[PDB]
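This report refers to the structure that appears directly beneath it.
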Amino acid sequence: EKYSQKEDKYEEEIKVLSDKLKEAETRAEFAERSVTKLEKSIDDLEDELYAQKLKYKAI
Amino acid sequence: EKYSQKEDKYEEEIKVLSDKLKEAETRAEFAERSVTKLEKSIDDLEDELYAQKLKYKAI
Amino acid sequence: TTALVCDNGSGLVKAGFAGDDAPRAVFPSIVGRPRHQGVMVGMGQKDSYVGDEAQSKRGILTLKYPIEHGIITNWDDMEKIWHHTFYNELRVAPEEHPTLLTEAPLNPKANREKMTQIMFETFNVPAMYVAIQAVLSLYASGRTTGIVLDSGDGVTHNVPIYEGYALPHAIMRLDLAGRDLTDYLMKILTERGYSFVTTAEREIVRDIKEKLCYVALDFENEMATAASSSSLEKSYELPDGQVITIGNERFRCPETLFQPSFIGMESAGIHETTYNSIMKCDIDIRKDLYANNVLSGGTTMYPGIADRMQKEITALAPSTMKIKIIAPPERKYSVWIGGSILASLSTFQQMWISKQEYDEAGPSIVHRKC
Amino acid sequence: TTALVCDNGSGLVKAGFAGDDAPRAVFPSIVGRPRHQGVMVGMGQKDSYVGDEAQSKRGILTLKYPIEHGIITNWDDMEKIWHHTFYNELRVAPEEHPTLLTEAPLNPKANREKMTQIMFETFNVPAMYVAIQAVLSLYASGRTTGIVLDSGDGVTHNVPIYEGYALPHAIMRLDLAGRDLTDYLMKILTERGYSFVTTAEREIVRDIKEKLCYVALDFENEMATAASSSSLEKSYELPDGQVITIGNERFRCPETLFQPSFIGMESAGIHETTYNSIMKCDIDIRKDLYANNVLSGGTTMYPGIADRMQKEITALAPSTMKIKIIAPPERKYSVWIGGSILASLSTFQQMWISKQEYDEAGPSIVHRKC
Amino acid sequence: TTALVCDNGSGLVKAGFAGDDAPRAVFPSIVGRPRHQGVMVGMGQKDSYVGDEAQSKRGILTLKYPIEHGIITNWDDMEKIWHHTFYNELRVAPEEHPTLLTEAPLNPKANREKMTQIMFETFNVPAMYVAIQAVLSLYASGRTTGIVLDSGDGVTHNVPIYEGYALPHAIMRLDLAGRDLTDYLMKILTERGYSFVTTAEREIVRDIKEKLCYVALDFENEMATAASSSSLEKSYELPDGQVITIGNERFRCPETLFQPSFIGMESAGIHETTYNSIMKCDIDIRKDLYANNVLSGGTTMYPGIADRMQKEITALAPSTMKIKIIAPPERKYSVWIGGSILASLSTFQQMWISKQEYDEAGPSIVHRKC
Ligand SMILES: Nc1ncnc2c1ncn2[C@@H]1O[C@H](COP(=O)(O)OP(=O)(O)O)[C@@H](O)[C@H]1O
Ligand SMILES: Nc1ncnc2c1ncn2[C@@H]1O[C@H](COP(=O)(O)OP(=O)(O)O)[C@@H](O)[C@H]1O
Ligand SMILES: Nc1ncnc2c1ncn2[C@@H]1O[C@H](COP(=O)(O)OP(=O)(O)O)[C@@H](O)[C@H]1O
């Protein structure tokens, strides 16, 4: 019965650790998608600021 | 016998999943500081673009 | 002189002394009476058993909770439970201690009026006071700003606080809690063969719920997974042998908190009522409310409830604000801990309802100023 | 092609053809096996007798019901009973008829899964379907709204329906029925000297129950009246002579339906569970539920049960509602009648579980869609 | 050809024919959908019920208003309600009638744009037009000068008019109306023990509000009187028996119109917003505005609201000018009555938005000229 209760606490730790693992994996994938979005947005901002710089240096 | 082997399997799952949580949270926070600096870059880009709009509306 | 904290609740009495770190007495809020005949002359048959003595003679008794949905509906049994709490569990004299009782928000006035009348008359407390469980939970969490989600045995309620100010127009009270989950589990277990109909069997099912149930992060594919393999099945042993095994019931029971339609209620899940209570507050404080969700009570103790709550509120709220679910590891006693902290404050010693004030104003003094 | 209706029940098989007005075959759901020696060489000993053949030879057989509390607990005996029903009673070929079986609510899933697997494999029915007894009883009553109290041989249940919508959270299932009353009467007759212990004697006592028992309008003064005079005593003649006479047992036996503590159960009487199932429904439909109590099943056939039911519910409900107990004179076959009506509807011919759907989906198809 | 008037509002649809004296059809603006299972095969289950048919199947449906605060937020349900209004209630063809729709002031442009697009496309009306409720209420009152306070189910607004000229800078729109009073009453009834949580129960509480509530001339001593005696208590009977009695709630509910802080709003009472909208007008016309306060809409139907309004505005205004609250006995239909009058005018027949004008200028024509 001691072995039983140790195995029980073991499987408890296993379940909770796997739950937080899956949560953190989804978090990491979402963070990577966020990085992609930020690369896209900085790209667009660079383009627009550069167009305005062109016009300003022109005038 | 079954309790010994089940507890050993639970221990090895504990260890692997613990290291995986370690590496996952580290890569996560590092990608998140990357996200942070990209957001600050978005800020700087938008500000300089606003500045160029200012110069264009002036001249 | 020290004071007593007596968080009543609909499932568990937690009492103790103002200043400690944990309640001194924690026992079921239950009163049992014998059903059967009684033959052995001289056994000293008691009329009724209270507390956890009624939990060990459980097999021959019919148990009754004197609190249904945060409302005391049997005042004699509640008086029995209070008498027990004072004399046999704490072993004090109620005439030498102010008493800090606790109540849920948005329940009838007669509840507090009768409560204070009972105290002052049939216990002769020097003073008393009736707090709100959410405020005390915030005290125990060590904050002054946040939206708590207290979910005990009878009632689930949100209370948003900001800088120590309550938003009483945004308090949302819901009426499914631990007991309705216990009943839903008693019903779902029949579709696997097991039949629990007695009150004692309801206690057994409550223990099954406290041991084997958890909240699925994603209900649908969790359901599909439980259907595919059989790795989610755990076994439980009733107190006569008779091992039972449950599968998807483990997470189908607490899922009712997020889809209250499973028990035929029209309300929304706890995540949606939390979001609504937030969106009912002024636009300036809700960014700070989003990051101070404080979970409290026993029903918030399921594994994976904080993760599911955060996922749901994140999917609901704007994609910029930071959702933080604060679930302490001892969140089951936050109301009592906060009550002790409050009753121990120096600046609080003027808020008690002294016996003279009651003698002058009747039982209506309670909601009048306090 | 016509379809079969096979209301199984735990005490009587009622089978027939969809479209008739009454079941074509009604026999006990029982299987008998010889217990004694067997000496006459060449008598042609059968291994087991089913139906009412086992009822006439019951002196030498040991009788067994393969259904205990609505649940089939002996699948070989149930297969024997179905084989009998199809080939010897109805005299058809099951390969040419869709079959409409019936089941009580809130009983294990494996029951329906095994039902449909048995049908499709060892009988090769073209299609089948498993209905709920209370819904069919409401069909037969000619209504679409009402709370129906079905009480057969194994299980008593309420199902509230409104406008054709079931309220599955208010379904209440109770597990005392005709058989527990038969056992209580077997136990109460010992205090007059009569001793029935055999299964055949259990059948004798069931007949005594069906002939001499009634529900007393007021239990206490009826008890005092039976104690005062002797005008309530009837006499019954066992099938060997030996006239027996019973007194207050006549109404003490069915009184257990209103005081289930007589057999040591903790539940409430049928009147109180009916009232509770009503009060568990939305406040707008319960005025129409109060006036459409539909009694069904054999155990609701005692003289004076409708009046006692109305008196009790009237005493429980508010003093403005109109309580109406609807008790048809043929209420013992309402489930079968409604099942025939249902299986005859043209819009129903798409709800069958065709053989091909089963071949694709396994036995789990039954509850998963239908 | 005759024209249609379709005053929508957020609580009641009022439709009719231009020229009549009262709306021909008056039904709730509700779309109901079933919650429960549905077991009677062949009952012909509709998908959704609208109007007062959804009000009779109330017990099994979940009701939804498609207009929240004067703004249409569910366009499919609004289209369902309009379809019902045209075909089942009025029984006409929308292709043969100009339609006069109605809207509150200071609400998004997309509202009118989508309204006219829906009309012209999915109903093919020959012409249409969108009026302002306050102007039509003035038409019905038979005046050309006055400040009209319209208070329906979603929005309260003041519009000051002089000699037929509007003062758009002095229009003040408030966002508490009948529905917020219904919610506040649902909340205040809990402190007596009564619990209404469902949408059907919200309709019950709305009926209680319409039958028992009134405005106190002086809130404070009325409160003291209600606390002293018990002569203010009436008794209402829910639709299952269960008599309930309410005391000071009767006037605590509509008092929120004069102290919107009871529901946690920062605005001022209707008397003070009326006085502010008056003082925002030119100093010459306000002497005539003070004497032409025109009440309109359902929420202005409480007993004693005119006297309280007059007392408050008199206390605010200078002590010489003559305050005069005009509250017709049929003020609940003033918007529709004025709409019929307006659509009947011969000189108005040039203001319609013909279908060809829309076919040229897109949906944006509505606020360009009309
Ligand atoms: N570890 C647990 N997991 C899940 N549920 C629990 C757990 N512990 C207690 N509960 C539920 O919480 C309820 C008691 O919570 P509690 O906070 O004491 O309620 P109250 O405050 O009303 O006394 C019980 O009904 C039980 O079902
Ligand atoms: N006339 C009667 N009076 C009292 N009880 C009856 C009568 N007829 C049948 N019963 C009871 O009803 C039971 C059979 O009812 P039935 O509806 O056929 O049950 P099931 O549906 O389970 O087969 C028997 O156990 C018997 O005790
Ligand atoms: N007799 C009454 N007394 C008090 N309030 C009423 C009465 N009749 C209706 N109401 C309130 O008025 C509202 C409906 O008013 P109505 O003018 O139809 O609004 P709308 O024009 O927006 O549909 C309801 O919500 C109800 O609360």
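Lettering and numbering for the structure tokens are positional, with chains as A, B, ... in the shown order, residues counted from 1 in each chain, and ligands counted from 1 in the shown order.
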
- Task: Kindly work out which residues sit at most 9 Å from ligand 2, using only C-alpha atoms and all ligand atoms, and give the list as JSON, numbers by chain.
- Result: {"D": [7, 8, 9, 10, 11, 12, 13, 14, 26, 28, 29, 67, 69, 70, 133, 150, 151, 152, 153, 154, 155, 177, 178, 179, 180, 181, 182, 206, 207, 209, 210, 211, 212, 213, 214, 254, 296, 297, 298, 299, 300, 301, 302, 303, 331, 332, 333, 334, 335]}

Selected residues written out, N, CA and C atoms, as a short mmCIF file (atom, residue, chain, number, x, y, z; two decimals), in the first residue's frame:
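Generated output (result_34.cif):
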```cif
data_model
loop_
_atom_site.label_atom_id
_atom_site.label_comp_id
_atom_site.auth_asym_id
_atom_site.auth_seq_id
_atom_site.Cartn_x
_atom_site.Cartn_y
_atom_site.Cartn_z
N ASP D 7 -42.58 -4.23 -26.14
CA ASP D 7 -42.40 -3.67 -24.80
C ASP D 7 -42.02 -4.76 -23.80
N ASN D 8 -40.78 -4.73 -23.33
CA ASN D 8 -40.23 -5.85 -22.57
C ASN D 8 -40.71 -5.84 -21.13
N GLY D 9 -40.40 -4.79 -20.40
CA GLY D 9 -40.79 -4.73 -19.01
C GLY D 9 -40.09 -5.79 -18.18
N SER D 10 -40.19 -5.69 -16.86
CA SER D 10 -39.51 -6.62 -15.98
C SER D 10 -40.45 -7.65 -15.38
N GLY D 11 -41.72 -7.64 -15.76
CA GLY D 11 -42.63 -8.64 -15.25
C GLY D 11 -43.54 -9.26 -16.29
N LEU D 12 -43.60 -8.68 -17.48
CA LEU D 12 -44.54 -9.13 -18.49
C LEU D 12 -44.05 -8.68 -19.85
N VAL D 13 -44.00 -9.60 -20.79
CA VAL D 13 -43.69 -9.26 -22.17
C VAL D 13 -44.98 -8.95 -22.89
N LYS D 14 -45.04 -7.81 -23.55
CA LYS D 14 -46.18 -7.43 -24.37
C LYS D 14 -45.68 -7.16 -25.77
N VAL D 26 -49.25 -11.51 -24.46
CA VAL D 26 -48.92 -10.99 -23.14
C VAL D 26 -48.68 -12.18 -22.23
N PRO D 28 -45.80 -13.85 -18.95
CA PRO D 28 -44.79 -13.47 -17.97
C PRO D 28 -43.39 -13.58 -18.52
N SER D 29 -42.54 -12.64 -18.12
CA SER D 29 -41.15 -12.62 -18.57
C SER D 29 -40.33 -13.44 -17.58
N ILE D 67 -34.72 -9.91 -15.84
CA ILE D 67 -34.68 -8.46 -15.71
C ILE D 67 -34.97 -8.12 -14.26
N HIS D 69 -34.26 -4.75 -12.31
CA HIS D 69 -34.77 -3.42 -12.03
C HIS D 69 -34.81 -2.60 -13.30
N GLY D 70 -35.34 -3.18 -14.36
CA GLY D 70 -35.26 -2.59 -15.67
C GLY D 70 -34.00 -2.95 -16.42
N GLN D 133 -40.19 4.58 -22.26
CA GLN D 133 -41.54 4.12 -21.93
C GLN D 133 -42.49 5.28 -21.67
N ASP D 150 -44.79 6.44 -14.66
CA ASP D 150 -44.84 5.05 -15.07
C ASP D 150 -44.35 4.17 -13.93
N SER D 151 -45.08 3.09 -13.67
CA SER D 151 -44.76 2.21 -12.54
C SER D 151 -45.08 0.79 -12.95
N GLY D 152 -44.06 0.03 -13.32
CA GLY D 152 -44.27 -1.33 -13.74
C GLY D 152 -43.91 -2.34 -12.68
N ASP D 153 -43.14 -3.36 -13.05
CA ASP D 153 -42.73 -4.38 -12.11
C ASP D 153 -41.36 -4.11 -11.50
N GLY D 154 -40.52 -3.31 -12.15
CA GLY D 154 -39.17 -3.13 -11.67
C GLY D 154 -38.79 -1.73 -11.26
N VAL D 155 -39.37 -0.72 -11.90
CA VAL D 155 -38.87 0.64 -11.72
C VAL D 155 -40.01 1.63 -11.91
N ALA D 177 -41.19 -0.95 -7.09
CA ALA D 177 -42.25 -1.17 -8.05
C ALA D 177 -43.03 -2.39 -7.60
N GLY D 178 -43.76 -3.00 -8.53
CA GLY D 178 -44.59 -4.14 -8.19
C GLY D 178 -43.85 -5.23 -7.43
N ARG D 179 -42.62 -5.53 -7.83
CA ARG D 179 -41.93 -6.66 -7.23
C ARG D 179 -41.59 -6.41 -5.77
N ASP D 180 -41.20 -5.19 -5.43
CA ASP D 180 -40.91 -4.91 -4.03
C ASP D 180 -42.17 -4.92 -3.19
N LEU D 181 -43.31 -4.57 -3.78
CA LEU D 181 -44.57 -4.70 -3.06
C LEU D 181 -44.94 -6.16 -2.86
N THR D 182 -44.68 -7.00 -3.87
CA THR D 182 -44.92 -8.43 -3.71
C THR D 182 -44.07 -9.00 -2.59
N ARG D 206 -48.22 -12.69 -5.66
CA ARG D 206 -48.48 -11.65 -6.64
C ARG D 206 -49.94 -11.64 -7.04
N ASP D 207 -50.55 -12.81 -7.19
CA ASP D 207 -51.96 -12.83 -7.54
C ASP D 207 -52.83 -12.32 -6.40
N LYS D 209 -51.96 -10.05 -4.35
CA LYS D 209 -51.79 -8.61 -4.43
C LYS D 209 -52.67 -8.01 -5.52
N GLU D 210 -52.70 -8.63 -6.69
CA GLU D 210 -53.50 -8.10 -7.78
C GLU D 210 -54.99 -8.24 -7.55
N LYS D 211 -55.43 -9.08 -6.62
CA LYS D 211 -56.86 -9.24 -6.42
C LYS D 211 -57.42 -8.56 -5.18
N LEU D 212 -56.65 -8.40 -4.11
CA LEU D 212 -57.23 -7.97 -2.85
C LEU D 212 -56.70 -6.66 -2.31
N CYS D 213 -55.73 -6.03 -2.95
CA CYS D 213 -55.07 -4.88 -2.37
C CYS D 213 -55.59 -3.58 -2.98
N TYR D 214 -55.63 -2.54 -2.16
CA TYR D 214 -56.10 -1.24 -2.59
C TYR D 214 -55.39 -0.17 -1.78
N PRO D 254 -49.81 -1.73 -0.72
CA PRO D 254 -49.53 -0.65 -1.66
C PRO D 254 -49.23 0.69 -1.01
N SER D 296 -49.41 5.42 -15.55
CA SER D 296 -49.19 4.33 -16.49
C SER D 296 -48.57 3.15 -15.76
N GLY D 297 -48.63 1.99 -16.39
CA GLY D 297 -48.03 0.79 -15.86
C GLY D 297 -48.96 0.03 -14.94
N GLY D 298 -48.56 -1.20 -14.64
CA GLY D 298 -49.42 -2.09 -13.87
C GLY D 298 -49.52 -1.71 -12.40
N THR D 299 -48.44 -1.20 -11.83
CA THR D 299 -48.45 -0.89 -10.41
C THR D 299 -49.34 0.30 -10.07
N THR D 300 -49.78 1.06 -11.06
CA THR D 300 -50.72 2.14 -10.84
C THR D 300 -52.16 1.69 -10.98
N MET D 301 -52.44 0.40 -10.80
CA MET D 301 -53.76 -0.15 -11.05
C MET D 301 -54.53 -0.43 -9.78
N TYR D 302 -53.97 -0.14 -8.61
CA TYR D 302 -54.70 -0.36 -7.38
C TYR D 302 -55.95 0.51 -7.33
N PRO D 303 -57.03 0.00 -6.75
CA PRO D 303 -58.21 0.85 -6.55
C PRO D 303 -57.91 1.96 -5.56
N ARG D 331 -54.69 1.62 -18.67
CA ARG D 331 -53.38 2.22 -18.48
C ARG D 331 -52.28 1.19 -18.31
N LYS D 332 -52.63 -0.08 -18.23
CA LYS D 332 -51.62 -1.11 -18.08
C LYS D 332 -50.89 -1.41 -19.38
N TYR D 333 -51.45 -1.01 -20.52
CA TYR D 333 -50.84 -1.27 -21.82
C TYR D 333 -50.55 0.02 -22.57
N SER D 334 -50.48 1.15 -21.86
CA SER D 334 -50.25 2.43 -22.52
C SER D 334 -48.92 2.45 -23.24
N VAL D 335 -47.88 1.87 -22.65
CA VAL D 335 -46.58 1.90 -23.30
C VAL D 335 -46.64 1.17 -24.64
#
```

- Grab the Cα RMSD for chain B fitted onto chain A, all atoms paired in sequence order, one decimal please. 1.2 Å

- Message: When DSSP is applied to the backbone of this structure, which of region 93-262 of chain E are assigned helix (DSSP H, G or I)? Write them out as a ChimeraX atom specification.
- Response: /E:94-96,109-122,133-141,168-170,178-192,199-212,219-228,249-252,254-257,260-262

- Find the residues in chain D near chain E: any atom within 6 Å counts, using only C-alpha atoms. Write them as number ranges by chain. D: 164-166, 282, 284-285, 287, 318, 320

File dump, residues just selected, N, CA and C atoms, as a PDB file, in the first residue's frame:
```pdb
ATOM      1  N   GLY D 164     -43.977  18.558 -26.389  1.00  0.00           N
ATOM      2  CA  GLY D 164     -43.120  17.600 -27.043  1.00  0.00           C
ATOM      3  C   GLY D 164     -41.652  17.745 -26.740  1.00  0.00           C
ATOM      4  N   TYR D 165     -41.288  18.515 -25.724  1.00  0.00           N
ATOM      5  CA  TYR D 165     -39.904  18.679 -25.316  1.00  0.00           C
ATOM      6  C   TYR D 165     -39.719  18.046 -23.950  1.00  0.00           C
ATOM      7  N   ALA D 166     -38.743  17.162 -23.835  1.00  0.00           N
ATOM      8  CA  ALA D 166     -38.461  16.520 -22.565  1.00  0.00           C
ATOM      9  C   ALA D 166     -37.559  17.404 -21.724  1.00  0.00           C
ATOM     10  N   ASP D 282     -39.332  24.617 -15.300  1.00  0.00           N
ATOM     11  CA  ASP D 282     -39.440  26.059 -15.442  1.00  0.00           C
ATOM     12  C   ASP D 282     -40.805  26.544 -14.989  1.00  0.00           C
ATOM     13  N   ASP D 284     -42.969  28.429 -15.780  1.00  0.00           N
ATOM     14  CA  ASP D 284     -44.069  28.707 -16.686  1.00  0.00           C
ATOM     15  C   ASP D 284     -44.826  27.465 -17.111  1.00  0.00           C
ATOM     16  N   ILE D 285     -44.160  26.316 -17.192  1.00  0.00           N
ATOM     17  CA  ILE D 285     -44.807  25.101 -17.663  1.00  0.00           C
ATOM     18  C   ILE D 285     -45.416  24.278 -16.543  1.00  0.00           C
ATOM     19  N   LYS D 287     -47.686  24.941 -14.337  1.00  0.00           N
ATOM     20  CA  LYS D 287     -49.134  25.003 -14.209  1.00  0.00           C
ATOM     21  C   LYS D 287     -49.818  24.032 -15.157  1.00  0.00           C
ATOM     22  N   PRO D 318     -49.578  24.642  -4.571  1.00  0.00           N
ATOM     23  CA  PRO D 318     -50.320  25.826  -4.133  1.00  0.00           C
ATOM     24  C   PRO D 318     -51.821  25.631  -4.267  1.00  0.00           C
ATOM     25  N   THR D 320     -54.155  27.147  -5.560  1.00  0.00           N
ATOM     26  CA  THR D 320     -54.848  27.719  -6.700  1.00  0.00           C
ATOM     27  C   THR D 320     -54.825  26.825  -7.925  1.00  0.00           C
TER      28      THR D 320
END
```

- Near chain C, which residues of chain A fall within 10 Å when you count only C-alpha atoms, and what do they look like as a PyMOL selection string? chain A and resi 12+15-16+19-20+22-23
